[PDB]
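Trainee: This one is query_35.cif, mmCIF, C-alpha atoms and all ligand atoms.
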data_upload
#
loop_
_atom_site.group_PDB
_atom_site.id
_atom_site.type_symbol
_atom_site.label_atom_id
_atom_site.label_comp_id
_atom_site.auth_asym_id
_atom_site.auth_seq_id
_atom_site.Cartn_x
_atom_site.Cartn_y
_atom_site.Cartn_z
ATOM 1 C CA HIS R 3 -22.660 -8.820 -1.260
ATOM 2 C CA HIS R 4 -19.838 -6.286 -0.623
ATOM 3 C CA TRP R 5 -16.507 -6.286 -2.411
ATOM 4 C CA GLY R 6 -13.600 -8.382 -1.195
ATOM 5 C CA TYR R 7 -11.053 -11.055 -2.177
ATOM 6 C CA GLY R 8 -13.310 -14.066 -2.909
ATOM 7 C CA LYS R 9 -14.366 -15.746 -6.165
ATOM 8 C CA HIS R 10 -17.770 -14.181 -5.864
ATOM 9 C CA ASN R 11 -16.623 -10.739 -4.795
ATOM 10 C CA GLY R 12 -12.980 -10.408 -5.815
ATOM 11 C CA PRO R 13 -11.208 -8.064 -8.214
ATOM 12 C CA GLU R 14 -12.847 -9.348 -11.396
ATOM 13 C CA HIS R 15 -16.250 -8.384 -9.934
ATOM 14 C CA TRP R 16 -15.360 -4.875 -8.708
ATOM 15 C CA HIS R 17 -16.238 -3.127 -11.967
ATOM 16 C CA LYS R 18 -19.926 -3.820 -11.408
ATOM 17 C CA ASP R 19 -20.097 -1.451 -8.472
ATOM 18 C CA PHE R 20 -17.018 0.616 -9.331
ATOM 19 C CA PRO R 21 -16.890 1.080 -13.142
ATOM 20 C CA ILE R 22 -13.612 3.018 -12.905
ATOM 21 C CA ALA R 23 -12.081 -0.450 -12.332
ATOM 22 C CA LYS R 24 -11.795 -0.538 -16.162
ATOM 23 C CA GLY R 25 -10.373 3.004 -16.327
ATOM 24 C CA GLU R 26 -7.317 4.482 -17.950
ATOM 25 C CA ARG R 27 -5.094 4.894 -14.871
ATOM 26 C CA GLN R 28 -5.687 1.813 -12.731
ATOM 27 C CA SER R 29 -3.237 0.237 -10.304
ATOM 28 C CA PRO R 30 -1.320 -1.906 -9.700
ATOM 29 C CA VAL R 31 0.713 -2.540 -12.838
ATOM 30 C CA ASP R 32 3.588 -4.697 -13.928
ATOM 31 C CA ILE R 33 6.827 -2.752 -13.963
ATOM 32 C CA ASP R 34 8.752 -3.766 -17.050
ATOM 33 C CA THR R 35 12.264 -2.778 -16.007
ATOM 34 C CA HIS R 36 13.767 -2.662 -19.462
ATOM 35 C CA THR R 37 11.193 -0.166 -20.735
ATOM 36 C CA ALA R 38 10.923 2.073 -17.642
ATOM 37 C CA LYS R 39 12.832 5.188 -18.571
ATOM 38 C CA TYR R 40 15.477 6.715 -16.366
ATOM 39 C CA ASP R 41 14.395 10.297 -15.831
ATOM 40 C CA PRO R 42 17.327 12.461 -14.686
ATOM 41 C CA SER R 43 14.843 15.212 -13.796
ATOM 42 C CA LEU R 44 13.398 13.112 -10.928
ATOM 43 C CA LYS R 45 14.574 14.135 -7.494
ATOM 44 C CA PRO R 46 15.654 11.996 -4.552
ATOM 45 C CA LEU R 47 12.705 11.127 -2.435
ATOM 46 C CA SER R 48 12.473 12.967 0.868
ATOM 47 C CA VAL R 49 10.967 10.713 3.534
ATOM 48 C CA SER R 50 10.665 12.681 6.776
ATOM 49 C CA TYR R 51 9.230 10.368 9.425
ATOM 50 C CA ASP R 52 11.212 11.446 12.538
ATOM 51 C CA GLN R 53 8.111 13.054 14.096
ATOM 52 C CA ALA R 54 5.564 10.416 13.044
ATOM 53 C CA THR R 55 2.753 9.823 15.521
ATOM 54 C CA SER R 56 1.131 6.412 15.086
ATOM 55 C CA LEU R 57 -2.167 6.083 16.980
ATOM 56 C CA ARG R 58 -4.031 2.861 16.294
ATOM 57 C CA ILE R 59 -4.128 -0.355 14.312
ATOM 58 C CA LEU R 60 -7.392 -1.526 12.722
ATOM 59 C CA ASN R 61 -8.513 -4.747 11.019
ATOM 60 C CA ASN R 62 -10.887 -3.309 8.426
ATOM 61 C CA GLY R 63 -11.890 -6.647 6.931
ATOM 62 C CA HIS R 64 -9.542 -6.196 3.913
ATOM 63 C CA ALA R 65 -6.174 -5.566 5.565
ATOM 64 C CA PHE R 66 -4.886 -3.987 8.739
ATOM 65 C CA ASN R 67 -4.125 -0.276 8.790
ATOM 66 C CA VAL R 68 -1.633 1.426 11.072
ATOM 67 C CA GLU R 69 -3.094 4.908 11.427
ATOM 68 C CA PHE R 70 -1.238 8.147 12.056
ATOM 69 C CA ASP R 71 -2.032 11.609 13.376
ATOM 70 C CA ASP R 72 -2.147 13.635 10.133
ATOM 71 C CA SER R 73 -3.414 16.904 11.743
ATOM 72 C CA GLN R 74 0.047 18.496 11.322
ATOM 73 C CA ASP R 75 3.109 18.221 9.098
ATOM 74 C CA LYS R 76 5.022 15.589 10.991
ATOM 75 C CA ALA R 77 5.454 12.501 8.810
ATOM 76 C CA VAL R 78 5.722 13.731 5.260
ATOM 77 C CA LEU R 79 6.807 12.667 1.838
ATOM 78 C CA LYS R 80 8.308 15.284 -0.480
ATOM 79 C CA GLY R 81 10.549 15.375 -3.524
ATOM 80 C CA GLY R 82 10.832 12.565 -5.985
ATOM 81 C CA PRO R 83 8.166 13.166 -8.644
ATOM 82 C CA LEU R 84 6.029 15.171 -6.226
ATOM 83 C CA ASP R 85 5.128 18.850 -6.048
ATOM 84 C CA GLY R 86 4.422 19.958 -2.507
ATOM 85 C CA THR R 87 3.992 18.069 0.703
ATOM 86 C CA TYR R 88 2.157 14.813 1.356
ATOM 87 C CA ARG R 89 1.239 13.744 4.900
ATOM 88 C CA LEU R 90 1.278 10.142 6.067
ATOM 89 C CA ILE R 91 -2.212 8.965 7.062
ATOM 90 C CA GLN R 92 -1.818 5.151 7.264
ATOM 91 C CA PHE R 93 0.108 2.165 6.120
ATOM 92 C CA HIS R 94 -1.067 -1.340 5.313
ATOM 93 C CA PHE R 95 0.061 -4.430 3.454
ATOM 94 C CA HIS R 96 -1.179 -6.817 0.815
ATOM 95 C CA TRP R 97 -0.009 -10.429 1.011
ATOM 96 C CA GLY R 98 -0.477 -13.951 -0.268
ATOM 97 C CA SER R 99 -1.489 -17.372 0.945
ATOM 98 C CA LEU R 100 1.984 -18.567 -0.176
ATOM 99 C CA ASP R 101 5.334 -16.777 -0.481
ATOM 100 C CA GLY R 102 5.163 -16.849 -4.284
ATOM 101 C CA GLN R 103 2.333 -14.322 -4.451
ATOM 102 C CA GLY R 104 1.042 -11.361 -2.500
ATOM 103 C CA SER R 105 2.365 -8.174 -4.059
ATOM 104 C CA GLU R 106 0.184 -5.890 -6.139
ATOM 105 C CA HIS R 107 2.868 -4.413 -8.308
ATOM 106 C CA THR R 108 5.060 -6.912 -10.104
ATOM 107 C CA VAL R 109 8.571 -6.473 -11.500
ATOM 108 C CA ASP R 110 9.110 -8.151 -14.865
ATOM 109 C CA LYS R 111 6.086 -10.291 -13.842
ATOM 110 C CA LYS R 112 7.745 -11.301 -10.555
ATOM 111 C CA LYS R 113 5.409 -11.371 -7.610
ATOM 112 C CA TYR R 114 6.769 -10.682 -4.166
ATOM 113 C CA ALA R 115 5.377 -12.240 -0.979
ATOM 114 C CA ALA R 116 3.781 -8.950 0.118
ATOM 115 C CA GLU R 117 3.709 -5.225 -0.507
ATOM 116 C CA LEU R 118 3.661 -2.341 1.989
ATOM 117 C CA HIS R 119 1.749 0.817 1.094
ATOM 118 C CA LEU R 120 2.548 4.005 2.997
ATOM 119 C CA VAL R 121 -0.362 6.286 2.074
ATOM 120 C CA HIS R 122 0.043 10.062 1.999
ATOM 121 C CA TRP R 123 -2.232 12.940 0.972
ATOM 122 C CA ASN R 124 -1.424 16.278 -0.581
ATOM 123 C CA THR R 125 -1.734 19.019 2.015
ATOM 124 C CA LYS R 127 -2.950 21.495 -0.604
ATOM 125 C CA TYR R 128 -6.364 19.730 -0.461
ATOM 126 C CA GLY R 129 -6.780 20.010 3.327
ATOM 127 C CA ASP R 130 -8.019 16.469 4.125
ATOM 128 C CA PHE R 131 -7.798 12.964 2.766
ATOM 129 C CA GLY R 132 -11.398 12.879 1.567
ATOM 130 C CA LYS R 133 -10.842 15.943 -0.605
ATOM 131 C CA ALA R 134 -7.436 14.704 -1.818
ATOM 132 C CA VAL R 135 -8.830 11.437 -3.230
ATOM 133 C CA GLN R 136 -10.967 13.507 -5.621
ATOM 134 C CA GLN R 137 -7.875 15.027 -7.271
ATOM 135 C CA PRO R 138 -5.427 13.544 -9.814
ATOM 136 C CA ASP R 139 -2.461 14.588 -7.668
ATOM 137 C CA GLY R 140 -4.196 13.984 -4.356
ATOM 138 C CA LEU R 141 -2.255 10.998 -2.966
ATOM 139 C CA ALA R 142 1.264 9.639 -2.991
ATOM 140 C CA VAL R 143 1.595 5.968 -2.103
ATOM 141 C CA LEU R 144 5.055 4.638 -1.333
ATOM 142 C CA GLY R 145 5.115 0.967 -2.190
ATOM 143 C CA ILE R 146 7.716 -1.394 -0.754
ATOM 144 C CA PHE R 147 8.061 -5.041 -1.685
ATOM 145 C CA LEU R 148 8.537 -7.768 0.942
ATOM 146 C CA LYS R 149 10.490 -10.935 0.317
ATOM 147 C CA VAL R 150 10.847 -13.806 2.778
ATOM 148 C CA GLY R 151 14.283 -14.263 4.282
ATOM 149 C CA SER R 152 15.755 -12.594 7.366
ATOM 150 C CA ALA R 153 13.362 -11.052 9.874
ATOM 151 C CA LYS R 154 12.677 -7.327 9.699
ATOM 152 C CA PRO R 155 13.242 -6.124 13.273
ATOM 153 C CA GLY R 156 11.144 -2.985 12.798
ATOM 154 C CA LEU R 157 8.124 -5.034 11.726
ATOM 155 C CA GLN R 158 7.940 -7.187 14.838
ATOM 156 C CA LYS R 159 5.875 -4.724 16.903
ATOM 157 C CA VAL R 160 3.255 -4.884 14.166
ATOM 158 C CA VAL R 161 3.360 -8.711 14.029
ATOM 159 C CA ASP R 162 2.936 -9.003 17.765
ATOM 160 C CA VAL R 163 -0.259 -6.925 17.973
ATOM 161 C CA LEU R 164 -2.062 -8.844 15.236
ATOM 162 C CA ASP R 165 -3.501 -11.472 17.596
ATOM 163 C CA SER R 166 -5.436 -8.621 19.283
ATOM 164 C CA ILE R 167 -7.074 -7.514 15.994
ATOM 165 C CA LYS R 168 -7.794 -10.899 14.493
ATOM 166 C CA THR R 169 -11.207 -10.113 13.100
ATOM 167 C CA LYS R 170 -12.895 -7.380 11.131
ATOM 168 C CA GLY R 171 -13.719 -4.246 13.106
ATOM 169 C CA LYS R 172 -11.195 -4.857 15.890
ATOM 170 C CA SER R 173 -8.685 -2.130 16.701
ATOM 171 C CA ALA R 174 -5.924 -1.626 19.227
ATOM 172 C CA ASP R 175 -3.732 1.084 20.583
ATOM 173 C CA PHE R 176 -0.653 1.447 18.493
ATOM 174 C CA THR R 177 1.385 4.423 19.617
ATOM 175 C CA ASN R 178 5.063 5.187 19.189
ATOM 176 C CA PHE R 179 5.611 2.998 16.145
ATOM 177 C CA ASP R 180 8.428 4.274 13.929
ATOM 178 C CA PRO R 181 7.759 3.561 10.216
ATOM 179 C CA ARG R 182 11.421 4.285 9.362
ATOM 180 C CA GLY R 183 11.972 0.707 10.544
ATOM 181 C CA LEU R 184 10.087 -0.562 7.472
ATOM 182 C CA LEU R 185 12.244 1.099 4.818
ATOM 183 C CA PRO R 186 14.999 -0.540 2.768
ATOM 184 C CA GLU R 187 18.469 0.924 2.555
ATOM 185 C CA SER R 188 18.014 2.517 -0.902
ATOM 186 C CA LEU R 189 15.232 4.944 -1.903
ATOM 187 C CA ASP R 190 15.694 4.265 -5.654
ATOM 188 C CA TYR R 191 12.203 4.085 -7.179
ATOM 189 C CA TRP R 192 9.876 3.776 -10.111
ATOM 190 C CA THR R 193 6.937 6.159 -10.459
ATOM 191 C CA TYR R 194 3.771 6.358 -12.513
ATOM 192 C CA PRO R 195 0.252 7.840 -12.253
ATOM 193 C CA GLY R 196 -2.352 5.412 -10.983
ATOM 194 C CA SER R 197 -5.150 4.640 -8.644
ATOM 195 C CA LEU R 198 -6.226 3.236 -5.305
ATOM 196 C CA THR R 199 -5.951 -0.556 -5.579
ATOM 197 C CA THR R 200 -9.186 -1.185 -3.622
ATOM 198 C CA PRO R 201 -12.647 0.291 -4.128
ATOM 199 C CA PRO R 202 -13.345 3.064 -4.763
ATOM 200 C CA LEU R 203 -10.393 2.693 -7.160
ATOM 201 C CA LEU R 204 -10.074 6.446 -7.569
ATOM 202 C CA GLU R 205 -7.470 7.690 -10.008
ATOM 203 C CA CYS R 206 -5.761 10.010 -7.552
ATOM 204 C CA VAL R 207 -2.372 8.376 -6.852
ATOM 205 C CA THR R 208 1.191 9.176 -7.740
ATOM 206 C CA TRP R 209 2.783 5.769 -7.198
ATOM 207 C CA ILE R 210 6.337 5.575 -5.932
ATOM 208 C CA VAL R 211 7.525 1.972 -5.847
ATOM 209 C CA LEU R 212 10.902 1.286 -4.283
ATOM 210 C CA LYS R 213 13.191 -1.062 -6.215
ATOM 211 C CA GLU R 214 14.872 -2.586 -3.162
ATOM 212 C CA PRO R 215 12.595 -4.991 -1.230
ATOM 213 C CA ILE R 216 12.680 -5.450 2.489
ATOM 214 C CA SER R 217 13.270 -8.893 3.958
ATOM 215 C CA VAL R 218 10.821 -10.314 6.504
ATOM 216 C CA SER R 219 10.908 -13.755 8.071
ATOM 217 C CA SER R 220 8.635 -16.667 7.240
ATOM 218 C CA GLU R 221 7.348 -16.429 10.804
ATOM 219 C CA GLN R 222 6.445 -12.754 10.381
ATOM 220 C CA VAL R 223 4.401 -13.287 7.241
ATOM 221 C CA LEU R 224 2.787 -16.432 8.718
ATOM 222 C CA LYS R 225 1.358 -14.164 11.403
ATOM 223 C CA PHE R 226 -0.190 -11.913 8.764
ATOM 224 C CA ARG R 227 -1.906 -14.988 7.347
ATOM 225 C CA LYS R 228 -3.534 -15.775 10.697
ATOM 226 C CA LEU R 229 -5.710 -12.682 10.491
ATOM 227 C CA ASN R 230 -9.349 -13.049 9.476
ATOM 228 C CA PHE R 231 -11.454 -11.235 6.868
ATOM 229 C CA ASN R 232 -14.543 -12.138 8.901
ATOM 230 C CA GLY R 233 -15.896 -10.622 12.028
ATOM 231 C CA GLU R 234 -15.794 -12.234 15.489
ATOM 232 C CA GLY R 235 -18.019 -15.318 15.781
ATOM 233 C CA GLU R 236 -18.445 -15.645 11.983
ATOM 234 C CA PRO R 237 -17.028 -18.530 9.949
ATOM 235 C CA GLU R 238 -13.253 -18.118 9.708
ATOM 236 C CA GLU R 239 -11.897 -16.822 6.428
ATOM 237 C CA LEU R 240 -8.157 -16.349 6.643
ATOM 238 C CA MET R 241 -7.001 -12.947 5.473
ATOM 239 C CA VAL R 242 -4.763 -14.004 2.614
ATOM 240 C CA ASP R 243 -4.517 -13.054 -1.054
ATOM 241 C CA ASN R 244 -5.772 -9.529 -0.414
ATOM 242 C CA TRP R 245 -4.032 -8.225 -3.551
ATOM 243 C CA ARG R 246 -5.382 -6.889 -6.815
ATOM 244 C CA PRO R 247 -3.532 -8.228 -9.877
ATOM 245 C CA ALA R 248 -1.746 -6.016 -12.386
ATOM 246 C CA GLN R 249 -3.958 -3.837 -14.562
ATOM 247 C CA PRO R 250 -3.376 -2.560 -18.097
ATOM 248 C CA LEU R 251 -0.754 0.159 -18.360
ATOM 249 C CA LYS R 252 -2.599 1.889 -21.185
ATOM 250 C CA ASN R 253 -0.331 4.615 -22.499
ATOM 251 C CA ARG R 254 1.295 5.281 -19.171
ATOM 252 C CA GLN R 255 4.977 5.879 -18.680
ATOM 253 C CA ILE R 256 6.812 4.297 -15.776
ATOM 254 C CA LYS R 257 9.851 6.391 -14.887
ATOM 255 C CA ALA R 258 12.953 5.269 -12.957
ATOM 256 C CA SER R 259 14.851 7.476 -10.571
ATOM 257 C CA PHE R 260 18.029 5.453 -11.147
ATOM 258 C CA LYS R 261 20.288 4.443 -14.023
HETATM 259 N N1 LIG D 301 -6.178 15.402 10.394
HETATM 260 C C1 LIG D 301 -7.284 15.302 11.125
HETATM 261 N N2 LIG D 301 -7.532 16.141 12.115
HETATM 262 N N3 LIG D 301 -8.282 14.385 10.909
HETATM 263 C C2 LIG D 301 -8.419 13.161 10.273
HETATM 264 N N4 LIG D 301 -9.643 12.796 9.938
HETATM 265 N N5 LIG D 301 -7.346 12.413 10.159
HETATM 266 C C3 LIG D 301 -7.266 11.123 9.504
HETATM 267 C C4 LIG D 301 -7.497 10.004 10.433
HETATM 268 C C5 LIG D 301 -7.540 8.630 9.805
HETATM 269 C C6 LIG D 301 -8.707 8.134 9.201
HETATM 270 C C7 LIG D 301 -8.761 6.863 8.642
HETATM 271 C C8 LIG D 301 -7.583 6.113 8.622
HETATM 272 S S1 LIG D 301 -7.649 4.485 7.934
HETATM 273 N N6 LIG D 301 -8.398 3.454 8.925
HETATM 274 O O1 LIG D 301 -8.430 4.613 6.716
HETATM 275 O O2 LIG D 301 -6.313 3.975 7.845
HETATM 276 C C9 LIG D 301 -6.404 6.590 9.197
HETATM 277 C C10 LIG D 301 -6.386 7.841 9.769
HETATM 278 N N1 LIG D 302 -11.666 0.923 2.527
HETATM 279 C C1 LIG D 302 -11.290 0.775 3.786
HETATM 280 N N2 LIG D 302 -12.006 -0.003 4.597
HETATM 281 N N3 LIG D 302 -10.190 1.430 4.296
HETATM 282 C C2 LIG D 302 -9.227 2.331 3.844
HETATM 283 N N4 LIG D 302 -8.539 2.871 4.838
HETATM 284 N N5 LIG D 302 -9.033 2.647 2.489
HETATM 285 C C3 LIG D 302 -8.851 4.025 2.145
HETATM 286 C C4 LIG D 302 -8.602 4.432 0.783
HETATM 287 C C5 LIG D 302 -7.415 3.711 0.171
HETATM 288 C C6 LIG D 302 -6.114 4.077 0.473
HETATM 289 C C7 LIG D 302 -5.026 3.471 -0.115
HETATM 290 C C8 LIG D 302 -5.233 2.411 -0.996
HETATM 291 S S1 LIG D 302 -3.859 1.622 -1.775
HETATM 292 N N6 LIG D 302 -4.080 0.058 -1.567
HETATM 293 O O1 LIG D 302 -3.951 1.944 -3.161
HETATM 294 O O2 LIG D 302 -2.697 2.061 -1.056
HETATM 295 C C9 LIG D 302 -6.521 2.042 -1.319
HETATM 296 C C10 LIG D 302 -7.586 2.663 -0.720
HETATM 297 ZN ZN ZN D 303 -2.652 -0.910 -0.597
#
I'd like the structure from this file rewritten - as C-alpha cells, please.
Ligand SMILES: N=C(N)NC(=N)NCCc1ccc(S(N)(=O)=O)cc1
Ligand SMILES: N=C(N)NC(=N)NCCc1ccc(S(N)(=O)=O)cc1
Ligand SMILES: [Zn+2]

Mentor:
Amino acid sequence: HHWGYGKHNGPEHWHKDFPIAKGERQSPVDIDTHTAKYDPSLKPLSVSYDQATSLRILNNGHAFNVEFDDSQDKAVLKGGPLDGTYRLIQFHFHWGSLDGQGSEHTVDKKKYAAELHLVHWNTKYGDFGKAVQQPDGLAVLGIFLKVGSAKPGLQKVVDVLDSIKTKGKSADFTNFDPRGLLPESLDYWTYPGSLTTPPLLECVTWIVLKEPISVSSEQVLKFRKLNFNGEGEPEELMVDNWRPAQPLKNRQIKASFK
C-alpha cells in the first residue's frame, strides 16, 4: 500500500507515512497574483543549458523523468533568488485527465493542463541526496503548460513515451535540449517550499515562470496514455499525478516583474 494518485493512496493519505505533508513549507501553492510582491532586489534568472547532457527517460510509476548527467557544471540554474549554482538532475511533468486540471501550482486558482518541473540541486552540498536535506538544497523551475499550438521541442519526448509505457521501463534519451521547453519570458514568482511528492522534504526554492508554454492536444493525449502500473498488471492510466495546492502559512511569494 505505497503512495500514489488514487483514492486510497493519493495526496490526502500521504501524511500517514510522511507527516511533513502537514508542515509549514509545503508545495505546491496557489499564487495569488495581486498579493505577490514585486521584489526589485530579485535578479534575472540565469538558465545555462547549452551543455546539457540528457541520458535516459524513466517511467517511475508516478511520472516520467528525463535524467541528466549532473557530474559536472553543464546545465545550471543561477541568479534569480538563488545563491550559488544549481545543477540540473532531471525534469518531469504533472498532468491531468482533462485539460482543465493537471498543474500543481495554480494562479489565482487557475489550473493549467500540466506543469513541467526542471529539478536542480545546490552544488555546495555535493550530491542530490545531501541537497534534499537542506533548506536551500534544491531549485525547481516550474513551467505551466496550456493546450493550444504544439511545442516543437517537446515532440521528441512525446515520441519515446510508447517505449516506456509502464512502471520501471526506461529508454535511451540522449541529446535532448531542454531549452526547447522554455517560454519566451523568464519572468517568475518565487517562494520557499517542498518536494511535491513523498518524501515531501522542505528543501526547495520554487521558481515558477509566469508565461506558460503551449503544447498541442495531441501531445498531452500521449502523456495520458502512459500507465502507473507495471507491465502485465491491470492498466491504470497515468493521469492526475498532481498534488493540490497546500496552505501558504506565513510565506511570501515574490515576483520578479512589475
Ligand atoms: N553526479 C553523479 N556522478 N552521480 C549521480 N548519482 N547523478 C544523478 C543521477 C540521477 C539519479 C536519479 C535521477 S531520477 N530518476 O530521480 O530522475 C536522475 C539522475
Ligand atoms: N520518487 C521517485 N520515484 N522519483 C524521483 N526522481 N523523485 C525525486 C525527488 C523529487 C524531486 C522533485 C520533486 S518536485 N515534483 O517537487 O519537482 C519531487 C520529488
Ligand atoms: Zn514535480

Trainee: Report as a Markdown table: every residue of range 128-244 of chain R with an atom at most 12 Å from range 70-80 of chain R, its closest pair of atoms, and their distance in Å to one decimal, counting only C-alpha atoms, with rows sorted by chain and ascending residue number.

Mentor:
| residue | atom | partner | partner_atom | distance |
| --- | --- | --- | --- | --- |
| R:129 | CA | R:73 | CA | 9.6 |
| R:130 | CA | R:72 | CA | 8.9 |
| R:131 | CA | R:72 | CA | 9.3 |
| R:141 | CA | R:79 | CA | 10.4 |
| R:142 | CA | R:79 | CA | 8.0 |
| R:143 | CA | R:79 | CA | 9.4 |
| R:144 | CA | R:79 | CA | 8.8 |
| R:175 | CA | R:70 | CA | 11.3 |
| R:176 | CA | R:70 | CA | 9.3 |
| R:177 | CA | R:70 | CA | 8.8 |
| R:178 | CA | R:70 | CA | 10.0 |
| R:179 | CA | R:70 | CA | 9.5 |
| R:180 | CA | R:77 | CA | 10.1 |
| R:181 | CA | R:77 | CA | 9.3 |
| R:182 | CA | R:77 | CA | 10.2 |
| R:208 | CA | R:79 | CA | 11.6 |
| R:210 | CA | R:79 | CA | 10.5 |

Trainee: Can you translate the PyMOL selection byres (((not hetatm)) within 9 of (chain D and resi 303)) into the concrete residues it hits in this file, as a PyMOL selection string?

Mentor: chain R and resi 65+93-96+106+117-121+143+145+198-200+245

Trainee: Take the residues from that selection and write them out as a short mmCIF file (atom, residue, chain, number, x, y, z; two decimals), in the frame of the given file, keeping C-alpha atoms.

Mentor:
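selection17.cif, freshly written:
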data_model
loop_
_atom_site.label_atom_id
_atom_site.label_comp_id
_atom_site.auth_asym_id
_atom_site.auth_seq_id
_atom_site.Cartn_x
_atom_site.Cartn_y
_atom_site.Cartn_z
CA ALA R 65 -6.17 -5.57 5.56
CA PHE R 93 0.11 2.16 6.12
CA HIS R 94 -1.07 -1.34 5.31
CA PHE R 95 0.06 -4.43 3.45
CA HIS R 96 -1.18 -6.82 0.82
CA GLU R 106 0.18 -5.89 -6.14
CA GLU R 117 3.71 -5.22 -0.51
CA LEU R 118 3.66 -2.34 1.99
CA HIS R 119 1.75 0.82 1.09
CA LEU R 120 2.55 4.00 3.00
CA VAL R 121 -0.36 6.29 2.07
CA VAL R 143 1.60 5.97 -2.10
CA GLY R 145 5.12 0.97 -2.19
CA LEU R 198 -6.23 3.24 -5.30
CA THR R 199 -5.95 -0.56 -5.58
CA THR R 200 -9.19 -1.18 -3.62
CA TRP R 245 -4.03 -8.22 -3.55
#

Trainee: Evaluate the PyMOL selection byres (((chain R and resi 135) around 10) and not hetatm) here and jot the selected residues down as a list in words.

Mentor: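 With the shown file as input, the PyMOL selection byres (((chain R and resi 135) around 10) and not hetatm) matches residues 123, 124, 128, 130, 131, 132, 133, 134, 136, 137, 138, 139, 140, 141, 197, 198, 202, 203, 204, 205, 206 and 207 of chain R.
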
Trainee: Given the file above and the PyMOL selection byres (((chain R and resi 155) around 9) and not hetatm), which residues are selected, and can you give them as an NGL selection string?

Mentor: :R and (153-154 or 156-159 or 183-184 or 218)

Trainee: In Å, how far is it from atom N6 of ligand LIG 301 (chain D) to CA of residue 8 in chain R?

Mentor: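 Separating atom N6 of ligand LIG 301 (chain D) from CA of residue 8 in chain R is a distance of 21.7 Å.
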
Trainee: Choose the residue, out of R:32, R:214, R:187, R:165, that has the smallest atom-to-atom separation from residue 61 in chain R; count all atoms listed in the file.

Mentor: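 Of R:32, R:214, R:187, R:165, the one nearest residue 61 in chain R, counting all atoms listed in the file, is R:165.
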
Trainee: I'd like the contact shell of range 171-173 of chain R - 8 Å cut-off, all atoms listed in the file, skipping same-chain residues fewer than 5 positions apart - returned as an MDAnalysis selection string.

Mentor: chainID R and resid 58:63 166 233

Trainee: Return as AutoDock Vina command-line options the box centre and box size in Å, one decimal, for an axis-aligned box around all listed atoms of ligand LIG 301 (chain D) padded by 6 Å per side.

Mentor:
--center_x -7.9 --center_y 9.8 --center_z 9.4 --size_x 15.5 --size_y 24.7 --size_z 17.4

Trainee: So what do you get for CA of residue 196 in chain R versus CA of residue 25 in chain R, distance-wise?

Mentor: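 That distance, rounded to one decimal, is 9.9 Å.
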